[PDB]
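Note: ideal-geometry Cβ built from the backbone for every residue, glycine included; neighbour counts use all protein chains shown. Laboratory data are not the source of any read-out in this text; all were calculated from the coordinates shown.
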2 protein chains.
Amino acid sequence: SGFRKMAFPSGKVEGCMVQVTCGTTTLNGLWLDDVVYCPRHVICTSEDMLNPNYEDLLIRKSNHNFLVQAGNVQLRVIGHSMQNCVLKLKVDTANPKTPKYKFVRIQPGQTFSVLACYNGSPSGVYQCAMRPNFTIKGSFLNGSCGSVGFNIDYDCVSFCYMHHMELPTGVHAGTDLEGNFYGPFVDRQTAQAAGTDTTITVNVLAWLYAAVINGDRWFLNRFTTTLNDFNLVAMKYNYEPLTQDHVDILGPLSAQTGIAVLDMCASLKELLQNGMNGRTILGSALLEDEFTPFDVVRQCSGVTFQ
Amino acid sequence: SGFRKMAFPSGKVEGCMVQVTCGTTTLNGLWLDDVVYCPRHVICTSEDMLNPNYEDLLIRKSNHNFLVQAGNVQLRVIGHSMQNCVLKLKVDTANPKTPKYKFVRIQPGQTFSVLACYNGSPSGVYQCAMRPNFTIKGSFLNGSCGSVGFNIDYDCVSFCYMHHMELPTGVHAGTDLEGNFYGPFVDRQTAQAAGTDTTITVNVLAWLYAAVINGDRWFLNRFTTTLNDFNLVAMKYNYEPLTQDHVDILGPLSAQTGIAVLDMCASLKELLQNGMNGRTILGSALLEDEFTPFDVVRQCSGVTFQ
Ligand SMILES: *[C@H](O)[C@H](C[C@@H]1CCNC1=O)NC(=O)[C@@H]1[C@@H]2[C@H](CN1C(=O)N(c1ccc(Cl)cc1)c1ccc(Cl)cc1)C2(C)C
Ligand SMILES: *[C@H](O)[C@H](C[C@@H]1CCNC1=O)NC(=O)[C@@H]1[C@@H]2[C@H](CN1C(=O)N(c1ccc(Cl)cc1)c1ccc(Cl)cc1)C2(C)C
């Protein structure tokens, strides 16, 4: 037993991480087969970053301007192209450590692991959720751009995020691996703002089930509620609406604990209207929303990755 | 910016993890050079685990009873010996993925990363602290024994923990890699209890500094206090005494923020006596104590590992 915010083992992604330097900008790239992917704002100077025309900036670049550094081995760049907000640097060596992989785009409310990197060297791994407002609450310092987010399915790495920038509230924005931003953000050094967030209701319910599985039961009650009457309460506390598909997805956790989904909704309703009154749930004094139903089932059942 | 509970990249440890099966018990082993380390209770049956005499049990074993499984390659065991509560299985192949490593024993209050494993396959990575009562609050299911805890220093893996058991409160107990238990626990299926815990005061102060660095300032005050008068408050709220060495260790964080350590103590005193009054610190509604001063400096500065 126990419940921890758990990242995927990072070894398969560590073997893909390289350093990309152009001019005075150094960031991280992702090396898969003979392509290195990295944020296109590597081609910018300090005054380029204010309102850049990236097509103009890129035509003025040469293959030899891009220094790609894989550990202590230099990778010769033999082609370059831009795809949306990422650069694809074609190199003369295929990465012998390339795992089986996919480029997937995730939905708000879904989670992934982030391998934070600096100078092509991995620094730490941690779990993130895509917020409803398409930001992530990460841990990123200067030089972290090009660090990626991912999930692992059995032996396959599904890359879903590449890091590009920090917003004024200290949250983070980036792209999928096709270079398309999550949310209404642009890779320009201009004033942008996250936009209002909401709490991921289905994830909070999943975490309440994790708690019950682990022996925290004090928030349970005999009461029940209808889905419509729960969603009236959710709206008022800035929670996302709960759909019948969310109820369906929570089915297995409901069956394992013997607590009906709508009964757990009644419990959540009381927690929202009363607070916790000095008690904790799974070591937290807040309702936690960055665990999906899948994350709960995985951890409270023990799936591995080969 | 941002602050996350961050684990070390796990790739170097992933390459050491193997499956050890003996009789009807399967658990994980750690393969370094030509030795596989694993909990000695792998040699036990169901009724052996109640009050085992491990010396007697081990003399009745043969090398061929131990099935060691490294991915899809079987490792032939050519010797076995017991060291305290771990078994050392000498195998006929040195692990070509053996990183540079050390066996270190950590202190309560220190943190490490855990690579949770099942059937020799890594499942997830997360950060733990050694509690003052020598337990850890982990996430461990059946078959997780032999999963290890570690820190990484530059290129060197310092292994500090091997997992052995869960206690009745749902916390976890294990050994260092010399097989010596952390705390007063034994690898017997008998009733044992954690013993009273305390909060790691120096770590809470480090986390308050992390918060300030990241722009949470509402808990700051003009007040100050003496070290002796702070420790009178710490005792009452079941916090560990703060020593002058703790004050010294917090020096760099104090200098970076411009907030004197004893001033931050006055802030902590007020938080203990008043609570938080509906506000949060770094996304938590509780005072968090599983970040060391080192963890804060590392993350709020950006050290990597090659
Ligand atoms: C790439 O390594 C870096 C990652 C940043 C650095 C700190 N945390 C991060 O996530 N990305 C950037 O520096 C991008 C890049 C230029 C500006 N930028 C950025 O993150 N910041 C920024 C955005 C808009 C404005 Cl008006 C000013 C700065 C930024 C915000 C906050 C902080 Cl503390 C640092 C940098 C591009 C081209 C947008
Ligand atoms: C090894 O894979 C396993 C890891 C356990 C399993 C669930 N969580 C864990 O950390 N370790 C054990 O099963 C050890 C092993 C026998 C008993 N044991 C153990 O963890 N449990 C236990 C300890 C004492 C008593 Cl009286 C009864 C059980 C245990 C506690 C709680 C739960 Cl939910 C499962 C198992 C050894 C030889 C102590």
Ignore the peptide's own chain and count Cβ atoms of other chains within 10 Å of each Cβ in B:282-289; give me the average, rounded.
3
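Could you sort B:274-282, A:181-189, B:82-90, A:127-135 so that the peptide with the highest average Cβ count within 10 Å comes first and the rest follow in order? Don't skip to the end; give the middle numbers.
Numbers: B:274-282: 12.8, A:181-189: 17.4, B:82-90: 19.2, A:127-135: 21.4.
Listed from highest to lowest mean packing, they are A:127-135, B:82-90, A:181-189, B:274-282.
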Other copies of B:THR196: label-to-label distances in nm, shortest first, labels 7 Å along the beta-carbon direction:
4.8
Between helix A:261-274 and chain A: long-axis angle, C-alpha atoms, 0 to 90°, nearest 10
90
Run the label-point distances for A:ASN180 please: 7 Å along Cα to Cβ, every other copy, nanometres, shortest first.
5.8
Taking the Cα centre as origin and putting +1 on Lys and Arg beta-carbons and -1 on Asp and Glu beta-carbons, what dipole magnitude results for chain A, to the nearest 20 debye?
400
Putting +1 on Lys and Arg Cβ atoms and -1 on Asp and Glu Cβ atoms, find which of B:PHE291, B:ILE200, B:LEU262 reaches farthest to the positive end of the dipole of the range B:198-301.
B:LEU262
Inter-copy distances for B:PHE223, nm, shortest first, label points 7 Å along Cα→Cβ, are 3.6
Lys and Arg at +1, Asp and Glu at -1: add these up for the other residues within a Cβ distance under 11 Å of B:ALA7 and post the number.
+3
For chain B, with the dipole built from +1 on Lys and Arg beta-carbon atoms and -1 on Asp and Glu ones, taken about the Cα centre, which of B:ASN72, B:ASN151, B:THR190 lies farthest toward the positive end?
B:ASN72
Spatial extent of the range B:118-234: Rg and Dmax, with the Cα atoms as the point set, Å:
18.2, 55
In peptide A:8-18, what is the residue-averaged number of other protein chain Cβ atoms found within 10 Å of each Cβ?
5
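If you take every residue apart from B:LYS269 with its C-beta less than 13 Å away from the C-beta of B:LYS269, what net charge results, scoring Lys and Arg +1 and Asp and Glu -1?
Working: positive: B:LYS236; negative: B:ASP229, B:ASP263, B:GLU270.
Value of the local net charge: -2.
Under the definition of partner shielding as Cβ atoms of other protein chains within 10 Å of a residue Cβ, what is the mean value for peptide A:296-304? Walk me through the numbers before you get to the answer.
Values: counts 0, 0, 2, 6, 2, 1, 12, 4, 11.
Mean number of neighbouring Cβ atoms from other chains: 4.
How charged is the neighbourhood of B:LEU89? Take every other residue with its Cβ under 13 Å from the Cβ of B:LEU89, and add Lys/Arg as +1 and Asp/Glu as -1. Don't jump to the answer; show the numbers that get you there.
Numbers: positive: B:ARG40, B:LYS61, B:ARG76, B:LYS88, B:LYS90; negative: B:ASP33, B:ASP34, B:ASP92.
Summing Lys/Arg as +1 and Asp/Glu as -1 gives +2.
When ranked by the protection proxy of mean other Cβ atoms within 10 Å per residue, highest first, what sequence do the peptides B:47-60, A:138-151 form?
Details: B:47-60: 12.2, A:138-151: 22.4.
So the order, starting with the most tightly packed, is A:138-151, B:47-60.
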Each residue of the range B:236-250 in turn: what ³J(HN,Hα) in whole Hz from Karplus with 6.51, -1.76, 1.60 and θ = phi - 60°, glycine and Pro shown as x?
5, 9, 6, 9, 5, x, 9, 9, 4, 5, 4, 4, 4, 4, 7
log10 of Debye I(q)/I(0), alpha-carbon scatterers only, for the range B:48-191 at 0.09 Å⁻¹:
-0.29
Could you give me the ³J(HN,Hα) list for the range A:80-87, computed from phi with Karplus coefficients 6.51, -1.76, 1.60 and θ = phi - 60°, whole Hz, x at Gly and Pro?
8, 8, 10, 10, 6, 9, 10, 9
In the P(r) worked out for the range A:198-301, what percent of Cα pairs fall beyond 17 Å?
45
Can you compute the equivalent ellipsoid semi-axes for chain A, i.e. the square root of 5 times each eigenvalue of the Cα gyration tensor, sorted largest first and rounded to whole Å?
41, 21, 14
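Can you give the relative contact order of chain A as a percent, counting alpha carbon pairs under 8 Å and 6+ residues apart? Walk me through the intermediate numbers first.
On the way: 603 pairs, mean separation 53.2, N = 306.
Across chain A, relative contact order equals 17 percent.
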Classify the protein assembly as shown: rounded, prolate or oblate, from the alpha-carbon gyration tensor (a ≥ b ≥ c, eigenvalue square roots; a/c under 1.5 rounded; otherwise prolate if a/b is larger than b/c)?
rounded
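Do you know the relative contact order of the range B:15-99, to the nearest whole percent, from alpha carbon pairs under 8 angstrom that are 6+ apart?
Working: 157 pairs, mean separation 30.3, N = 85.
In percent, rounded to a whole number, it is 36.
Calculate the all-directions average of the projected area of the range A:15-99's alpha-carbon convex hull, and give it in nm². Provide the component values of the computation, followed by the final result.
Details: hull surface 20.9 nm².
The orientation-averaged projected area of the Cα hull of the range A:15-99 comes to 5.2 nm².
Considering Cα pairs under 8 angstrom that are at least six residues apart, work out the relative contact order of the range B:198-301 and quote it in whole percent.
The normalised contact order for the range B:198-301 reaches 49 percent.
In debye, nearest 20, what is the charge dipole magnitude of the range A:15-99 about its Cα centre with +1 on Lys and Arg Cβ and -1 on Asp and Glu Cβ, if you could check? Numbers along the way, then the final one.
On the way: 7 positive and 7 negative charges, 35 e Å.
With only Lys, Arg, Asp and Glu charged at Cβ, the dipole is about 180 debye.
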For the range A:198-301, with +1 on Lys and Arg beta carbons and -1 on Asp and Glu, the positive-most of A:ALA210, A:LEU253, A:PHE223 along the dipole
A:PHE223
Is the C-alpha gyration tensor of the range A:4-63 telling us rounded, prolate or oblate? Criteria: a/c under 1.5 is rounded; beyond that, a/b larger than b/c is prolate, otherwise oblate.
prolate
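Treat every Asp and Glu Cβ in the protein assembly as shown as -1 and every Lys and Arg Cβ as +1, leave all other atoms uncharged, and give the resulting dipole magnitude about the Cα centre to the nearest 20 debye. Present the calculation step by step, with values, prior to reporting the outcome.
Numbers: 44 positive and 52 negative charges, 83 e Å.
Approximately 400 debye in magnitude.
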Sequence order, the range B:23-28: Karplus ³J(HN,Hα) from phi using 6.51 cos²θ - 1.76 cosθ + 1.60, θ = phi - 60°, Hz rounded, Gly and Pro as x, gives x, 9, 9, 10, 8, 9
Among the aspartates and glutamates, select those whose C-alpha is under 14 Å from the C-alpha of A:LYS97, and discard any that sit fewer than 8 residues away in the same chain.
A:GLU14, A:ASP33, A:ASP34, A:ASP155
